[PDB]
Amino acid sequence: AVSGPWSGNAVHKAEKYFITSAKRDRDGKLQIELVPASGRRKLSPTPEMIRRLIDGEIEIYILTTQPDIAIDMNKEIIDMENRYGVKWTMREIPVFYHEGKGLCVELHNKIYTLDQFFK
Amino acid sequence: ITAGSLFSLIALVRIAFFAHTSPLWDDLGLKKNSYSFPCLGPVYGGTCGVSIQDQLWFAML
Amino acid sequence: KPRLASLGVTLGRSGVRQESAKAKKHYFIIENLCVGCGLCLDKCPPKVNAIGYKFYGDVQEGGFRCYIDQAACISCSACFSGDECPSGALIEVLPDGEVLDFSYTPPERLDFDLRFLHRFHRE
Amino acid sequence: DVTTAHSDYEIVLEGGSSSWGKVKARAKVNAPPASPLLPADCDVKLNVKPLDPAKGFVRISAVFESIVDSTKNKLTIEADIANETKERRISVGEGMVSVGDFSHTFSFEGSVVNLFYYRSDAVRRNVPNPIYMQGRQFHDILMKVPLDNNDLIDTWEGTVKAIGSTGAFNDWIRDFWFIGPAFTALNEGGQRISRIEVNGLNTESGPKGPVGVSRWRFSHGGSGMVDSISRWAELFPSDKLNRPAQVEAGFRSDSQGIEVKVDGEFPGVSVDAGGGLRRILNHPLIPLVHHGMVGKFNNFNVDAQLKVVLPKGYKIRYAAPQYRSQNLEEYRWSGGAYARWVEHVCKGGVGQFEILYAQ
Amino acid sequence: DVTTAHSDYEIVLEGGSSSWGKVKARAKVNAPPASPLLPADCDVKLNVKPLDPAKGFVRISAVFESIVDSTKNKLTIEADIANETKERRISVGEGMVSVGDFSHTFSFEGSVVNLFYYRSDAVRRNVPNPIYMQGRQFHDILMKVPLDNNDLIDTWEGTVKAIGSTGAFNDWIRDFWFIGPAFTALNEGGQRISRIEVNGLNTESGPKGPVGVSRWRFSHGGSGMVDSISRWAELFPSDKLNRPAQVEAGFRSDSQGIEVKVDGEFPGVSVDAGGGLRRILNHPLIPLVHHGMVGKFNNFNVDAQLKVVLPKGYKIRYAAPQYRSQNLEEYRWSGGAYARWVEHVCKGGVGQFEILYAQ
Amino acid sequence: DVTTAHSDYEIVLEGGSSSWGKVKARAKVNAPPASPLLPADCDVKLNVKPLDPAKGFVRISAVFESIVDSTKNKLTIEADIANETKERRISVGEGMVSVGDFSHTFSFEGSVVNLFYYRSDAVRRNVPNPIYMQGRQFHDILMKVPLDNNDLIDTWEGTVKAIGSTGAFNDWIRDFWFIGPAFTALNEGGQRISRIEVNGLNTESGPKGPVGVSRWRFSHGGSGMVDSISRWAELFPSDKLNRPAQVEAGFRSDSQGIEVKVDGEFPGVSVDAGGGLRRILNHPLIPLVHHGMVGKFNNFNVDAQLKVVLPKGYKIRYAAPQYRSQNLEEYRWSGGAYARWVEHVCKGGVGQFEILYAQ
Ligand code: BCL
Ligand code: BCL
Ligand code: BCL
Ligand code: BCL
Ligand code: BCL
Ligand code: BCL
Ligand code: BCL
Ligand code: SF4
Ligand code: SF4
Ligand code: SF4
């Protein structure tokens with residue numbers, strides 16, 4: 001099921017990972033590295049670790065201050081804040097698994113793919 | 001005395017069991033980093049008197 | 001039987017007296033996680049007013065949050081060092097990009113309760 | 001300076017020709033584990049289901065769910081072992097190995113051959129209960145691991161390159177196969193691991209992706225101490241598997257101590273002893289000799305209770321060490337001689353404790 | 001009536017990128033040493049001075065002044081070790097061996113090669129702290145001993161004759177090289193010593209007198225336990241040698257017990273642990289596994305105090321076993337869990353004790 | 001109900017050049033034996049009765065009467081060992097092996113060769129009492145057994161068939177030879193058993209019936225720990241054997257413990273130590289290293305008394321550990337340091353205890 005508050009971080013209900021860099025290779029494939037909230041090891045989104053995401057054992061997120069996020073996140077973030085210190089707001093986007101495309105980010109009612117999303 | 005013991009025992013069972021986390025703050029996704037922190041602020045209708053030092057006060061009171 | 005110069009080691013029962021017996025890293029608020037308690041703001045040096053408040057509603061409904069101004073932040077790591085944050089919103093990014101939500105994380109474990117065949121905690 | 005360890009044991013046996021027994025074991029120890037990484041936890045599950053009586057085939061499963069220094073590690077095995085002859089035993093099975101974000105699957109076609117250096121009638125006639133039998137085992141292995149990951153390919157390329165450039169691969173592979181303290185355990189149980197032999201290392205295409213294939217064969221000899229060799233027929237009660245049998249166990253370990261839970265039924269717990277008398281199966285020697293390796297590092301005090309439950313009408317003829325108390329059909333061991341024998345066998349001793357129960 | 005041992009430890013670390021730490025250790029034990037000759041006393045001195053930063057070369061010295069059963073024994077070494085590549089490391093040095101009225105000098109030109117059976121990214125990725133790494137080492141040796149004494153000549157003549165007449169010299173030399181219980185130490189640390197190979201045994205004239213010359217090369221493999229193989233880069237902080245580093249130690253032994261004194265500074269005491277956190281270097285496994293060999297002969301009571309001093313602004317994020325007391329900058333370990341871990345590791349245990357200190 | 005063991009020792013020595021000493025030892029232990037079968041009892045008898053002074057030939061006898069798990073086991077040996085040279089020693093003898101209703105006799109013609117890897121003068125000059133001697137031994141064996149039983153006939157064939165069909169017979173025979181934990185013991189004492197060599201396996205007719213005849217050769221090397229190699233001259237005081245010498249011992253073992261009774265006179269108990277001083281012979285290392293293998297399974301308190309009786313006019317010059325009491329000619333050891341050394345050497349320690357007595 002789920003581990004207790006005492007095991008790992010207490011705030012987390014499932015283990016938490018953050019995509020920290022999204023550089024590309026010579027062939028243009030997106031090399032995604034995600035480190036856990038503790039942050040002492042580097043992993044890539046392999047099927048075995050995606051398989052955890054199907055059962056909710058882990059959760060993946062992206063910061064909006066990432067150096068290579070490709071999409072102009074600050075302008076859109078600034079607009080929403082103005083709708084309802086505005087600059088320096090930072091958010092965590094919850095990455096989800098789409099069987100057809102793999103990891104997608106439902107940003108502003110529009111599904112995206114990590115390769116489409118990142119530079 | 002039986003009622004007066006079980007009343008102040010509630011504040012004591014909470015120091016023993018909710019020093020770092022409680023079922024509510026595991027739900028609200030929060031950590032009690034500290035033993036003498038007053039509140040987390042107005043948030044969630046407010047959360048004052050949640051540390052174990054404050055639960056000690058509510059056992060003395 | 002000759003020997004080498006003696007080693008002066010008086011540890012046990014002995015009448016001898018014993019002895020006394022840079023902008024590299026970056027910090028951020030995850031705004032959806034912040035509850036605005038401002039514990040981070042008070043660790044920031046007052047001549048470097050990096051952390052600040054941002055209002056958009058009633059405080060009893062999470063209408064306020066904290067944020068680091070990177071233009072004035074000096075990366076002294078005072079807000080992160082002290083494990084103030086109760087939500088994980090205050091995070092740190094190392095010069096090579098790892099994201100730390102807390103300064104030390106307890107190790108993960110399985111969980112089972114140990115009972116005994118014939119002792120007080122039976123079955 | 002002495003720490004305390006508490007344990008409880010339980011064996012329930014049926015009457016008639018049944019070899020079926022229920023075993024439950026709980027233990028709690030206060031000394032640090034020898035593992036150089038802590039905390040290390042682990043849960044193991046074994047289930048055996050009879051497929052068909054005439055063939056003698058059975059389906060065995062194994063699941064390993066262990067977290068080592070916050071690193072999730074899982075190994076899964078599903079196999080079909082059956083008795084071919086007195087010395088040969090073929091197994092067909094599939095399994096998966098996952099460490100953190102890494103995982104790889106494998107399929108194997110294997111046979112094990114077990115021969116005794118001698119088979120004399122005089123030994124059988126003059127020794128009613130022999131313990132040591134000298135022998136050797138031979139494994140035929142056909143591994144089938146698909147090279148799905150970038151890392152698998154590199155481990156395979158590297159392996160082929162190493163074989164090609166290093167003549168001493170058959171010898172130095174035993175330094176890899178038994179990592180860290182595992183190498184030392186070989187000499188400890190009087191077990192000799194012979195050099196592996198690579199019949200073939202060929203990549204064969206599979207519908208999913210390129211499949212590195214290894215066909216190897218090895219052998220290993222037991223001076224008599226090894227239970228796989230000395231007791232080849234007893235560790236596979238396939239024909240006595242009238243109903244499914246399961247052994248479930250798990251343990252928690254860290255700097256503070258170890259907590260262990262074990263439970264499950266299976267046949268072979270009771271074996272004929274001669275003269276109409278039954279007897280609990282001789283303790284495996286390899287586990288004791290292997291635990292003396294880590295059990296000799298902290299002076300401890302023993303608190304162990306062994307509750308044995310016999311069938312209706314079935315009363316002990318003889319036990320040493322003798323049961324402390326008795327409760328009609330149930331007999332109890334605690335304290336005195338028994339908690340000396342426990343101190344003996346928890347530190348690596350293999351001293352005999354025999355129970356004979358006749359109808 | 002009851003044995004006891006007292007000990008004191010101390011580690012002082014600097015801040016920034018410095019890996020420099022000061023270590024002091026005092027011990028006193030009341031049981032007899034396993035040495036079959038007593039009294040045996042011994043003083044050891046190590047000093048390392050950086051020669052040049054760009055080359056990475058350093059000058060290491062070693063002096064051994066030991067009196068064994070009233071027999072003065074001295075070994076002196078002066079060498080120049082430098083990093084050639086990730087796996088090769090060449091050393092040029094001279095030394096002297098004196099026993100009583102006998103003494104002989106030697107000069108050596110040597111290189112050591114260290115390879116890991118595998119190098120996988122997944123391990124590196126999935127593992128934050130790897131303890132066991134499987135590997136092998138190869139030594140190229142060019143010994144130059146002048147045959148000044150009558151005895152040296154005879155040892156050389158005999159050696160050449162033995163090689164000439166005995167085919168099994170490469171194998172049976174390992175029975176001589178590891179004298180008494182050092183051979184049993186090989187199996188204990190999971191270390192395999194391969195057969196030596198004699199490239200050449202030629203007498204070459206020197207200005208002083210005839211110089212027997214040996215050019216040999218050997219190898220040895222570690223299952224992972226061996227620290228020379230598993231930690232090849234960490235045992236030579238040459239590039240971190242900004243200033244000279246010295247380790248000084250000595251011990252007295254006889255029927256009554258052992259007195260030991262150790263002190264000295266050197267880099268590599270602190271290594272990065274990830275996430276901005278520093279950590280004391282993982283305990284060497286070979287010394288613990290080697291001391292369990294002599295530390296399991298007398299029941300003892302532990303009285304050990306470990307005073308750790310951290311840099312200004314630097315506090316510990318996590319330690320198990322937890323420090324008994326804290327006093328400002330310094331943290332103290334004594335009693336309870338720690339004096340269980342000491343009894344664990346003094347008898348051969350290798351259980352992990354980790355301290356993480358972040359700024 | 002505490003692990004407690006009681007023991008008594010006694011050595012009586014004569015004056016002059018006599019090396020003759022009387023040794024008596026009794027022991028009582030309360031922990032279970034590390035024997036997979038109990039109860040196991042055993043009586044041993046050894047008598048050496050000299051044959052002629054000039055030849056140096058002596059007649060040695062050995063009788064083994066042991067009941068193992070109600071199975072009577074007997075081995076009898078009668079042999080004629082004599083000194084040929086400093087490294088060669090030929091023995092001619094007959095014996096019989098009986099287990100229950102099975103028995104077979106054997107005749108052997110054998111020679112043992114013992115060489116030291118080096119023989120240096122400096123070691124002799126600078127080390128007054130050397131312990132560790134690196135060497136190797138070679139056995140020439142001509143076994144002859146009458147095959148008058150069906151069971152004996154069957155064992156004779158199988159062996160030939162195995163040799164004929166298995167190439168690895170010289171290697172895998174070591175596994176069968178060292179039954180149970182005997183193989184593990186090899187690595188423990190730093191002893192290497194080389195592969196056996198079969199000169200011939202020929203059936204030769206005898207007046208009684210077909211007699212199996214074997215002529216094999218083997219070797220084994222000692223890192224220095226082994227006493228047969230390190231002390232080859234000292235274990236055969238043939239020339240000092242003016243009168244017949246006999247060593248008689250026996251032991252009873254079961255779940256409750258061990259009781260040991262040992263007694264007998266023989267030469268070599270006292271050896272020259274230099275400077276006119278005599279000294280008790282250095283303790284054999286192999287027995288201690290071999291008992292640490294079973295003596296580390298149960299915590300215990302020692303109760304041992306060692307009464308040493310010296311010749312008239314002969315007083316100790318030095319002993320560590322020092323004698324508790326001195327009743328003039330007879331000295332006593334009990335308690336304090338000596339009990340610390342007994343717990344040391346009963347668990348596998350080999351720490352030196354030296355007594356020097358001069359006239
Ligand atoms: C441990 C001592 C021996 C050993 C003992 C045996 C025995 C015994 C036999 C096998 C046989 C096999 N061995 Mg083997 N084997 C060893 C080393 C190896 C190694 C290796 C990594 O070096 C490999 C690849 C193999 C490979 C194989 C397979 C081809 C085959 C079936 C294995 C299987 O299904 O396991 C299933 C997977 C598991 C994880 C099971 C582990 C079970 C443990 C060891 C004991 C559990 C039983 C418990 C005590 C009682 C439970 C009762 C319940 C009813 C289950 N062996 C060592 C040297 N091997 C079998 C054969 O004959 O095939 C024809 C068989 O009978
Ligand atoms: C002990 C485990 C290994 C071992 C480990 C290593 C390591 C590690 C390396 C050498 C390398 C060398 N080895 Mg080697 N070596 C072993 C066995 C041997 C034997 C032998 C008698 O069988 C020989 C002749 C050699 C020969 C040699 C030299 C050619 C070369 C440099 C030695 C030197 O200067 O020592 C100096 C003389 C001494 C007495 C030093 C002893 C130091 C002890 C062992 C540890 C002290 C450090 C202490 C823990 C921390 C101190 C910090 C201070 C700043 C010093 N090795 C065994 C099998 N060997 C080196 C190389 O790569 O050369 C290119 C090197 O880096
Ligand atoms: C145990 C360590 C060594 C060993 C040590 C020696 C020694 C030492 C020598 C022999 C020599 C011989 N060995 Mg060998 N030998 C070993 C293994 C073997 C094996 C085998 C089964 O593997 C065989 C077949 C042999 C065969 C032989 C014979 C050919 C020969 C004479 C034996 C004899 O008469 O014993 C007699 C039968 C017995 C049961 C005696 C047992 C004695 C025990 C071991 C010690 C008792 C003495 C006690 C401590 C003090 C007693 C004093 C009293 C006065 C007796 N050896 C191992 C490898 N062997 C001898 C020789 O040189 O021949 C030329 C000899 O001197
Ligand atoms: C101080 C004295 C203490 C004590 C001190 C310790 C210490 C200290 C430690 C243990 C450890 C263990 N103790 Mg203990 N222990 C005590 C008494 C007990 C008692 C009891 C009271 O009855 C119990 C039930 C246990 C139980 C256990 C286990 C939880 C654990 C060993 C696990 C194991 O089997 O690994 C089995 C291991 C293997 C099979 C090897 C796996 C790896 C190798 C490379 C595999 C090769 C095999 C090959 C592949 C197999 C076959 C393949 C198939 C054929 C296909 N201890 C006493 C009282 N114990 C150790 C441990 O691991 O703790 C976590 C440890 O360090
Ligand atoms: C304290 C331990 C107990 C003991 C505990 C056990 C246990 C436990 C078991 C046995 C078992 C065996 N026991 Mg028992 N056994 C003891 C004493 C003896 C004595 C004796 C006269 O003292 C004898 C003859 C035996 C005989 C035997 C064998 C029948 C059998 C092992 C089968 C085998 O392969 O061995 C054949 C022989 C060898 C393997 C080695 C060869 C003999 C030795 C190595 C060499 C003899 C040389 C001799 C001195 C002759 C002179 C040499 C000359 C050069 C010719 N035991 C001691 C006292 N024994 C096992 C069994 O019953 O299985 C069927 C078993 O499980
Ligand atoms: C009863 C339990 C006791 C205990 C019982 C004993 C006993 C009993 C003894 C010791 C011994 C020792 N103990 Mg202790 N010990 C205890 C606790 C301690 C504590 C502590 C409290 O922290 C300390 C600091 C020590 C320290 C020590 C040492 C003084 C000593 C081992 C020396 C050594 O390293 O040799 C290192 C040895 C070598 C490196 C081998 C040298 C020879 C071989 C052949 C060399 C081959 C290597 C190759 C040439 C190397 C490389 C070459 C270069 C690359 C060129 N003990 C516990 C509490 N300890 C032993 C000793 O030696 O005492 C004098 C001993 O007998
Ligand atoms: C708890 C700590 C206890 C303790 C725990 C135990 C335990 C537990 C056990 C013993 C065992 C023994 N203990 Mg203890 N023991 C203690 C203290 C003592 C003291 C004392 C106080 O002085 C004594 C006298 C003893 C004495 C003994 C022996 C009776 C016995 C080992 C017999 C032996 O030598 O086999 C010698 C064996 C051999 C020579 C091997 C035979 C087989 C092999 C295959 C033969 C190969 C050799 C080759 C053929 C030889 C040469 C041939 C010739 C050359 C021809 N113990 C301490 C206080 N001891 C063990 C035992 O056996 O009990 C029955 C045992 O299990
Ligand atoms: S206790 Fe109430 S008033 Fe005080 S800080 Fe918390 S929310 Fe504000
Ligand atoms: S690093 Fe220092 S200045 Fe910057 S936000 Fe944190 S506390 Fe304030
Ligand atoms: S301490 Fe945490 S919850 Fe409080 S303002 Fe800072 S980031 Fe938000």
# chains A, B, ... in the order shown; residues from 1 in each chain; ligands from 1

$ select_by_dssp --residues "segment 36-94 of chain F" --states "strand (DSSP E or B)" --output "CSV table (one decimal) with N, CA and C atoms, in the first residue's frame"
chain,number,residue,atom,x,y,z
F,40,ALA,N,28.2,-39.4,21.3
F,40,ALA,CA,29.4,-40.0,20.7
F,40,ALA,C,30.5,-40.1,21.7
F,41,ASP,N,30.9,-41.3,22.0
F,41,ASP,CA,32.0,-41.5,23.0
F,41,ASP,C,33.2,-42.1,22.3
F,42,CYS,N,34.4,-41.9,22.9
F,42,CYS,CA,35.7,-42.4,22.2
F,42,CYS,C,36.8,-42.6,23.2
F,43,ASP,N,37.5,-43.7,23.1
F,43,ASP,CA,38.7,-44.1,23.9
F,43,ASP,C,39.9,-44.3,22.9
F,44,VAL,N,41.1,-43.7,23.2
F,44,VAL,CA,42.2,-43.8,22.3
F,44,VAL,C,43.5,-44.3,23.1
F,45,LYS,N,44.3,-45.1,22.5
F,45,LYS,CA,45.5,-45.7,23.2
F,45,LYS,C,46.7,-45.6,22.3
F,46,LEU,N,47.8,-45.1,22.7
F,46,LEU,CA,49.0,-45.0,21.9
F,46,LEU,C,50.2,-45.4,22.7
F,47,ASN,N,50.9,-46.4,22.2
F,47,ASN,CA,52.1,-47.1,22.9
F,47,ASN,C,53.3,-47.1,21.9
F,48,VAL,N,54.5,-46.6,22.4
F,48,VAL,CA,55.6,-46.6,21.4
F,48,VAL,C,56.7,-47.4,22.2
F,49,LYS,N,57.2,-48.5,21.6
F,49,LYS,CA,58.0,-49.5,22.3
F,49,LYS,C,59.3,-49.7,21.5
F,50,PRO,N,60.5,-49.1,21.8
F,50,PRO,CA,61.6,-49.0,20.9
F,50,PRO,C,62.2,-50.4,20.5
F,58,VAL,N,61.2,-47.7,15.8
F,58,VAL,CA,60.3,-47.8,17.0
F,58,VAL,C,59.0,-48.4,16.6
F,59,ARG,N,58.3,-49.1,17.5
F,59,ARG,CA,57.0,-49.8,17.1
F,59,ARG,C,55.9,-48.9,17.8
F,60,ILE,N,55.0,-48.4,17.0
F,60,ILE,CA,53.9,-47.5,17.5
F,60,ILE,C,52.6,-48.3,17.3
F,61,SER,N,51.7,-48.2,18.3
F,61,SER,CA,50.4,-48.8,18.2
F,61,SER,C,49.3,-47.8,18.5
F,62,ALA,N,48.1,-48.0,18.0
F,62,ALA,CA,47.0,-47.1,18.2
F,62,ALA,C,45.7,-47.9,18.1
F,63,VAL,N,44.8,-47.7,19.1
F,63,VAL,CA,43.5,-48.3,19.2
F,63,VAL,C,42.5,-47.3,19.4
F,64,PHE,N,41.4,-47.3,18.6
F,64,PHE,CA,40.3,-46.4,18.6
F,64,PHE,C,39.0,-47.2,18.9
F,65,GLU,N,38.4,-46.9,20.0
F,65,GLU,CA,37.1,-47.7,20.4
F,65,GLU,C,36.1,-46.6,20.6
F,66,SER,N,35.3,-46.3,19.6
F,66,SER,CA,34.3,-45.2,19.7
F,66,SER,C,32.9,-45.6,19.3
F,67,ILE,N,31.9,-45.3,20.2
F,67,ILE,CA,30.5,-45.6,19.8
F,67,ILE,C,29.9,-44.3,19.4
F,68,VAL,N,29.4,-44.3,18.1
F,68,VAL,CA,28.8,-43.1,17.5
F,68,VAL,C,27.4,-43.3,17.2
F,71,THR,N,26.5,-46.8,17.1
F,71,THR,CA,27.2,-47.5,16.1
F,71,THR,C,28.7,-47.8,16.5
F,72,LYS,N,29.0,-49.0,16.9
F,72,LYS,CA,30.4,-49.3,17.4
F,72,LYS,C,31.3,-49.0,16.2
F,73,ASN,N,32.4,-48.3,16.4
F,73,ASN,CA,33.4,-47.9,15.4
F,73,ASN,C,34.8,-48.2,15.9
F,74,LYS,N,35.6,-49.0,15.3
F,74,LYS,CA,37.0,-49.4,15.7
F,74,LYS,C,38.0,-49.1,14.6
F,75,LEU,N,39.1,-48.5,15.0
F,75,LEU,CA,40.2,-48.5,14.0
F,75,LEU,C,41.5,-48.9,14.7
F,76,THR,N,42.2,-49.9,14.2
F,76,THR,CA,43.5,-50.3,14.9
F,76,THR,C,44.7,-50.1,13.9
F,77,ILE,N,45.8,-49.6,14.5
F,77,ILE,CA,47.0,-49.4,13.7
F,77,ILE,C,48.2,-50.0,14.5
F,78,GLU,N,49.1,-50.7,13.8
F,78,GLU,CA,50.4,-51.2,14.3
F,78,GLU,C,51.5,-50.8,13.3
F,79,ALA,N,52.4,-49.9,13.6
F,79,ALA,CA,53.4,-49.5,12.5
F,79,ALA,C,54.8,-49.4,13.0
F,80,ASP,N,55.8,-49.4,12.1
F,80,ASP,CA,57.2,-49.3,12.4
F,80,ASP,C,57.9,-48.1,11.7
F,81,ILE,N,57.8,-46.9,12.4
F,81,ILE,CA,58.4,-45.7,11.9
F,81,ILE,C,59.8,-45.5,12.3
F,82,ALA,N,60.7,-45.1,11.4
F,82,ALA,CA,62.1,-44.9,11.7
F,82,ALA,C,62.7,-43.6,11.0
F,83,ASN,N,63.7,-43.0,11.4
F,83,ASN,CA,64.3,-41.8,10.8
F,83,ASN,C,65.3,-42.3,9.7
F,88,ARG,N,63.4,-37.4,5.3
F,88,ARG,CA,62.6,-38.6,4.9
F,88,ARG,C,62.4,-39.5,6.1
F,89,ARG,N,61.2,-40.1,6.1
F,89,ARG,CA,60.8,-40.9,7.2
F,89,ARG,C,59.9,-42.0,6.8
F,90,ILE,N,60.4,-43.2,6.7
F,90,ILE,CA,59.6,-44.4,6.2
F,90,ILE,C,59.0,-45.2,7.4
F,91,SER,N,57.7,-45.6,7.1
F,91,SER,CA,56.9,-46.4,8.1
F,91,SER,C,56.3,-47.6,7.5
F,92,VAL,N,56.4,-48.8,8.2
F,92,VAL,CA,55.8,-50.0,7.7
F,92,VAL,C,54.8,-50.5,8.7
F,93,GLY,N,53.5,-50.6,8.4
F,93,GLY,CA,52.5,-51.0,9.4
F,93,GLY,C,51.3,-51.7,8.9
F,94,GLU,N,50.5,-52.3,9.8
F,94,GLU,CA,49.2,-52.9,9.5
F,94,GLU,C,48.1,-52.4,10.4

$ interface_residues --of "chain A" --to "chain B" --cutoff "9 Å" --atoms "only C-alpha atoms" --output "list in words"
residues 5, 6, 10, 11, 12 and 13 of chain A

$ atom_distance --atom1 "atom 24 (C, counted along the ligand's line) of ligand 6" --atom2 "atom CA of residue 339 of chain F"
23.9 Å

$ residues_around --residues "residue 35 of chain B" --least-positions-apart "6" --cutoff "6 Å" --atoms "only C-alpha atoms" --output "list in words"
residues 51, 52 and 53 of chain B

$ residues_around --residues "segment 96-100 of chain C" --least-positions-apart "4" --cutoff "7 Å" --atoms "only C-alpha atoms" --output "MDAnalysis selection string"
(chainID A and resid 18 20 35 37:39) or (chainID C and resid 91:92) or (chainID E and resid 275)

$ interface_residues --of "chain A" --to "chain D" --cutoff "10 Å" --atoms "only C-alpha atoms" --output "PyMOL selection string"
chain A and resi 7-8+42-52

$ interface_residues --of "chain C" --to "chain E" --cutoff "7 Å" --atoms "only C-alpha atoms" --output "number ranges by chain"
C: 1-4, 7, 9, 11-12, 100, 104

$ residues_near_ligand --ligand "ligand 9" --cutoff "10 Å" --atoms "only C-alpha atoms and all ligand atoms" --output "mmCIF file with C-alpha atoms, in the first residue's frame"
data_model
loop_
_atom_site.group_PDB
_atom_site.id
_atom_site.type_symbol
_atom_site.label_atom_id
_atom_site.label_comp_id
_atom_site.auth_asym_id
_atom_site.auth_seq_id
_atom_site.Cartn_x
_atom_site.Cartn_y
_atom_site.Cartn_z
ATOM 1 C CA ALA C 23 25.766 32.411 -5.280
ATOM 2 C CA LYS C 25 23.167 27.206 -4.718
ATOM 3 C CA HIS C 26 19.596 28.590 -5.203
ATOM 4 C CA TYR C 27 16.494 28.501 -2.973
ATOM 5 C CA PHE C 28 12.841 28.622 -3.923
ATOM 6 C CA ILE C 29 9.283 28.473 -2.588
ATOM 7 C CA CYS C 40 11.626 31.293 6.215
ATOM 8 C CA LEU C 41 11.280 35.084 6.025
ATOM 9 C CA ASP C 42 12.720 35.589 9.512
ATOM 10 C CA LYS C 43 15.890 33.626 8.717
ATOM 11 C CA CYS C 44 16.693 35.995 5.846
ATOM 12 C CA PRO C 45 19.072 38.828 6.844
ATOM 13 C CA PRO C 46 17.139 42.101 7.173
ATOM 14 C CA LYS C 47 19.593 43.984 4.945
ATOM 15 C CA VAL C 48 18.883 41.351 2.260
ATOM 16 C CA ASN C 49 15.087 41.424 1.946
ATOM 17 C CA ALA C 50 14.858 38.440 -0.380
ATOM 18 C CA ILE C 51 11.853 36.518 1.016
ATOM 19 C CA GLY C 52 8.572 38.457 0.893
ATOM 20 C CA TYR C 67 8.571 33.972 -2.307
ATOM 21 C CA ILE C 68 12.318 34.572 -2.712
ATOM 22 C CA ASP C 69 13.384 37.540 -4.825
ATOM 23 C CA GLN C 70 16.395 36.153 -6.691
ATOM 24 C CA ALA C 71 17.607 39.618 -7.726
ATOM 25 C CA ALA C 72 18.448 40.427 -4.093
ATOM 26 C CA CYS C 73 18.938 36.888 -2.664
ATOM 27 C CA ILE C 74 22.642 36.257 -1.727
ATOM 28 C CA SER C 75 22.444 32.420 -1.359
ATOM 29 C CA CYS C 76 23.524 32.452 2.360
ATOM 30 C CA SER C 77 21.294 29.334 2.897
ATOM 31 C CA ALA C 78 19.908 30.596 6.263
ATOM 32 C CA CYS C 79 16.225 29.884 5.384
ATOM 33 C CA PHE C 80 17.042 26.302 4.213
ATOM 34 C CA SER C 81 19.704 25.450 6.904
ATOM 35 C CA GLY C 82 17.230 25.644 9.798
ATOM 36 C CA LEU C 90 11.126 25.780 0.681
ATOM 37 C CA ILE C 91 13.470 23.784 -1.555
ATOM 38 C CA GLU C 92 17.095 24.052 -2.559
#

$ residues_around --residues "segment 233-244 of chain F" --least-positions-apart "2" --cutoff "10 Å" --atoms "only C-alpha atoms" --output "PyMOL selection string"
chain F and resi 17-20+47-60+81-83+86-87+114+227-231+246+265-269+271+281
